[PDB]
Structure formats: structure tokens, C-alpha cells
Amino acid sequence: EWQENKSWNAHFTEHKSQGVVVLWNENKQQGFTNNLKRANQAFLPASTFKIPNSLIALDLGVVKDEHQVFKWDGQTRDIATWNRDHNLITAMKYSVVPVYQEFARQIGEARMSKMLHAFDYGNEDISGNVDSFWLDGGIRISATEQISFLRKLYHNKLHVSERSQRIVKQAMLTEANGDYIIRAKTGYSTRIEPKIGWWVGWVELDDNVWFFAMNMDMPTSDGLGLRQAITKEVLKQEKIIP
């Protein structure tokens, strides 16, 4: 069911880093990773939490649809793309934390906790501030747990409406061409050690789907581009994409 190939560690060590990639072949029901231990180590989800947060906001009516405009609050932040109006699509694309902090406040502690339990999401623990627990609170999730959650979303099996799941999968759209479609979300966790970057999602092919979840050490922001580049290089090496 699960295969470990330690030779794949080279994808990370060649960049003076360390990390884990987890792949799941949906047709064959088989998983692959460079490091079984780290595949099951739980980290802060950081901005990968925008996937469940979006689902909950939509299903409760906090967010009406993917066109609703969330107005900039006029506070200048250090990320230029955050200092503008957003909808669900662009808020996901630019990982706009302050928009999702407001989602969480309107959702509230009680409904957030119940929905994460219903999703079987990570350790299901929202301890901390309701508007920041995915950045510096008690919630934790592993790469293998991310895949389990993403598989439910793909199949519309999460305990929210089909509509809510379709909208979030639209907002996850990252890349598409004649050969494949990638739906995914990045994450960048800095407030609790160890600092890591995430990329989780899946690759749609004509006749199969490959789920993936990766995290890697991220001592500075200079390496953030490695999250997608390394993942895509693994996918190419395993002949999942050209």
C-alpha cells in the first residue's frame, strides 16, 4: 500500500534542505513518499487551512459566492497584493490572511470546532485565538492527513454541500494545460518552529488523479519557490506529468 523511496531525499538535500513529498495514486490506491516518518509528522497548516476555512464560510453563508467582494480595511500591510479588494478566488490566490481572519471571526469558535471534527481535519484542535489558530494556535496536520482530507473534497464526500465543495475546488485552480490540471494551496508557517513551506493538492489527468502533499524546511522566504518547483520535478521524474 505504501512505499518509501529514500533516494528521493535528493530533491531536498540538493537545495541544502529537508522535506517530505507524499503521492497517492487514486486508481491504484497506493501511496509513495521519501520519508514515512515525516509524512506522519504534524505541522501547523498555515495558509493550507484556507481550504477548510473557505468550505466552512461558504456552507454557513458567511461567504455568499466566489464573486462577493471583501473590501480592503484600509490598513496598509507589507504584502502589496493584500492592500486591495478581494473575492474568494483572489483571496486564495494571494493567500490573503486578513480576509480569512474575518471569515473565522464570523464563523466563531463553536462552529469552527464542530466542522473541523466533521471533516476529520488534522488534530481538530482550534486552541488559540479564533482568528489566528492556524498560524500560531494548537491545530496540527500531517502530509498524509492532508491527502486524506483532499480525497474527501475531490469526491464531494465532506459534510458540507456539493456546491460549497465545487466552489472551493474552483478557487484551488492553480495550473491547467493540455496535459494536466493542478488544484492546490500553498502554505508558509513561521510563527512556531520549525519553519516550513507546504504545497498540497492534486493533479488531474485524463484517466487518473494523483494527490500530493509536501512540506519542507523554510528558514527564510528566499526558498518559497522551491515548494512548487520540487513537487513538479518529482511528478515529472515519476512520469505523472511530462
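We call the rigid core the largest set of C-alpha positions that still match within 1.5 Å between the two forms. All residue numbers refer to positions in the sequence shown, first residue = 1.
With every structure aligned by its rigid core, 7-15 is the stretch of 223-231 and 7-15 whose CA positions lie farther away in 7 other deposited structures of this protein.
As listed in the deposited structure, the average C-alpha B-factor of 125-133 and of 90-98 is greater for 125-133. Stretches compared: 107-115, 166-174. Higher mean C-alpha B-factor in the entry: 107-115. Compared with the other modelled residues of the chain, the Cα B-factor recorded for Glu204 ranks in the lowest third. Sorting the modelled residues of the chain by their CA temperature factor places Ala143 in the lowest third. Per the deposited record, the Cα B-factor of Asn25 falls in the middle third when ranked against the other modelled residues of its chain. When the modelled residues of the chain are ordered by C-alpha B-factor, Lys232 sits in the middle third. When the CA B factors of the chain's modelled residues are split into thirds, the value for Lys71 lands in the highest one.
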